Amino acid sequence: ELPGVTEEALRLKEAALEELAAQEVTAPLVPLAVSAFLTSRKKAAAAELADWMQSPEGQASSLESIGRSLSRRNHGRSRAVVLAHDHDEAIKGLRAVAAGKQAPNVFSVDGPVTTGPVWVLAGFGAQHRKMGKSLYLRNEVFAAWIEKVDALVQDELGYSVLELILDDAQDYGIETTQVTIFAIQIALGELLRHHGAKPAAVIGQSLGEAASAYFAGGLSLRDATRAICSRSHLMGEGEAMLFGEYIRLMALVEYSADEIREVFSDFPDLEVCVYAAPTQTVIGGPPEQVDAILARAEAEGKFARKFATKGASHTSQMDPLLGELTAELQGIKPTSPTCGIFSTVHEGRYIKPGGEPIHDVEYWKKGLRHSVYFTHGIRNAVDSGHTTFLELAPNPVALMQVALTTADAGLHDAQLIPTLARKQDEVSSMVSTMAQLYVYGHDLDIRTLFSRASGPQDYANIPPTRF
């Protein structure tokens, strides 16, 4: 007994499948994998493979069948991927790989990365109107998850996130932004798991906390959704009844914690919401104060962005909500994580897989009320040897902040891997994301990025390697 897809969603869906069948058809992005024990030899295979693709027999093979065949080869420690829509992009890419040159559509490394990937679940500031729609229409696993979450948020809040996603006329509010990003993050991460990927550790930021508790194995899907639903409605309601003198704003400014100590003397009502990067902090407070701080900063040519909200989460101003939040989470069952956690709620500190559960009711209270230790959890992950950070987001705003912490910590070559992007094709983005995982040697079954062969023309006679 659990809600089905509503009729309005089915109706919006058919309007959406025809808006889409009307559209001018386009070439899919196809990943071409090339690997060997040694780079030297990987380079040789690419150049050969590009010669063959330039040949008539190679020209008569669809990019798909060539990719399918490549994915069945035995994959070695030295690896490359070329990401192509047509033969000419492919060959150009492979030429770049063969010459150890650099190309946007190409990734190539000498051997695997040493530690597993950190999944970054953030979300704040990432929402945009049509987020998730294209990938829902075009991918059946993503859609299945988006629906399983839709069904649960229906049970919890009484409306449908699927209908928000499908409807070009609907923009997002405080509340619906949080549950929609949650939906999107759950079904992204499960799309990755479907293809063999898995997080070594998670780190959450704020709204992302709940999806990150689920990917960590700390809450069931039901409990995690209780966690996103309970806080989001409460902040949306709360924010609604705020006007003028009680209103507090949130803005991101290019000052560090300290630089802000030397403002927050002068401006005493100000509070720190998120420690975002070593030189970026999200603050919240009285709008005369916030505008002041912005005005100072912008004058010094320091980055600044005011956010759309009349209330400031992670501050004393959430105290009215906390008794209610507590009561709404009566009965959630926190479990022992199945992967590492850098907790930005608990000051950036790390919790080991098989540790004592952290996601109790009090976690969500402390999370909503206190600062978010985001730069700290990231500087932690780096100090412990992680270099791959992959963001599940509809637009990777958190990953840029990650860039700033990694560099400030002496890591100048992170694999910073994003998922979805505003104004970028959603299928293609995920193809890339999985192609970067493959390349860096992280878990990712590349076979699964192709449909099962229905006949011989589904393979290609790509150059052989054994004898």
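A residue's number is simply how far along the shown sequence it sits, counting from 1.
S.K.: Please compare 150-158 with 204-212 and name the stretch with the higher mean C-alpha B-factor in the deposited structure.
M.R.: The recorded data point to 150-158.
S.K.: May I ask you to compare 368-376 and 264-272 by their mean CA B factor in the entry and name the higher one?
M.R.: Stretch with the higher mean C-alpha B-factor: 264-272.
S.K.: In terms of recorded Cα temperature factor, pick the maximum from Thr225, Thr344, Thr387, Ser316.
M.R.: Largest recorded C-alpha B-factor: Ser316.
S.K.: Could you say which of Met400, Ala46, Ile66, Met434 has its CA atom at the highest B factor, as listed in the PDB entry?
M.R.: Each of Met400, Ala46, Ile66, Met434 was compared by C-alpha B-factor; the highest is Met400.
S.K.: Would you mind ranking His87 by its C-alpha B-factor against the rest of the chain and naming the third, lowest, middle or highest?
M.R.: Middle third of the chain for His87's C-alpha B-factor.
S.K.: Which third, lowest, middle or highest, does the CA B-factor of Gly132 fall in along this chain?
M.R.: CA B-factor rank for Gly132: lowest third.
S.K.: Grab the CA temperature factor for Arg349 from the record and place it in the lowest, middle or highest third of its chain.
M.R.: Lowest third - that is where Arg349 ends up once the chain's C-alpha B-factors are sorted.
S.K.: Is the Cα B-factor recorded for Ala27 in the lowest, middle or highest third of its chain?
M.R.: Its C-alpha B-factor belongs to the highest third of this chain's values.
S.K.: Please place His194 in the lowest, middle or highest third of its chain by C-alpha B factor as given in the entry.
M.R.: Middle third of the chain for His194's C-alpha B-factor.
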